[PDB]
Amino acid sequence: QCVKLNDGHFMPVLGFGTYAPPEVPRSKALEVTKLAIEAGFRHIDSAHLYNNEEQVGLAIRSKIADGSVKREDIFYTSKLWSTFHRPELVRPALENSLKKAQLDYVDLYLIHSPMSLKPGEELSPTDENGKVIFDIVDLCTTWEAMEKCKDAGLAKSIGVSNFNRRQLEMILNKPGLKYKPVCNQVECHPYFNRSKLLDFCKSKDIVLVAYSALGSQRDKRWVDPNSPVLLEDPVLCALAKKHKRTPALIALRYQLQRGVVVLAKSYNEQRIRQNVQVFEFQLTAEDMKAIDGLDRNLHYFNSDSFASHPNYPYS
């Protein structure tokens, strides 16, 4: 139930999203990560931005101390936040994540976003008028510092997130490139299937990783409340009736059958265990076709602040 990356390492096909808005107490992240591991999740997706590596790190070590799982069985993912894009800031930001998560290494270390921000300890650098402050960093130099982390054995694999094709090509055509990004974690779901980008990554042996596969958490901070609810789609519901499954299981299985590693966030014990039921059933060739036809080029995250960034991936 794993896929081989272009560096030889293997990543579980289903991953547990660990982001919850800050209004949720951080103790929940420690509990649901235990429930997710008990339910079958081995791939755990986190980030320095999420502010939960302390809790997710303890939940991993707890379930290891239980004997329920071993560290090698767990595929931990972290992300380098935008404020730490400069080369001298990459390795310090990774070992800080390692120190907080109580880990000697991360399985996967990502560039969280190509939209560089002003360097500093603050994650949302704001100016006097409410503007988020942008920065100008050559991401090829950022990637070089990621390569030094993989050679230092602090990240078994390295990759990117929220990169478009041309932003990927910039890395792929970098003189002196030592490692290729094993993955590119982007927003992907039946409404935003990213089919064109998916064929590009497959032709370079880059694993597409779908976040907001269940249509996101719909935070009013970033999501228009008038956008359609993904899991209330008539086609996904009608397929949920046909396979006696849930609309969510249809959305996750769709990504698995098309070669996309899927993430699934949930802070409810019953919906955590229900998500691993994605391995019990299968969709026909027709049903995969029906889901492909729901595409509407709709990304649920939309903000005017980032849309003026020169590295804003969408257009």
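Heads up: residue numbers just count along the shown sequence, starting at 1.
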On mean C-alpha B-factor from the PDB entry, just flag whether 117-125 or 139-147 is the higher one. 117-125
Higher-B stretch (mean Cα B-factor, as the entry records it), 91-99 or 213-221: 213-221
Going by the deposited entry, which of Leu208, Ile133, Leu108, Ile111 has the highest CA temperature factor? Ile133
Per the PDB entry, which option out of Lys156, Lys79, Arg71, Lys196 has the greatest Cα B factor? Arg71
Chain thirds of CA B-factor: placement of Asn51: middle
Going by the recorded CA B-factors, say which third of the chain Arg253 sits in, lowest, middle or highest. lowest
Ranking the modelled residues of this chain by C-alpha B-factor as given in the entry, is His43 in the lowest, middle or highest third? highest
By the recorded C-alpha temperature factor, relative to the other modelled residues in its chain, which third is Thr284 in? lowest
Among all modelled residues of this chain, ranked by Cα B factor, put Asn268 in the bottom, middle or top third, i.e. lowest, middle or highest. middle
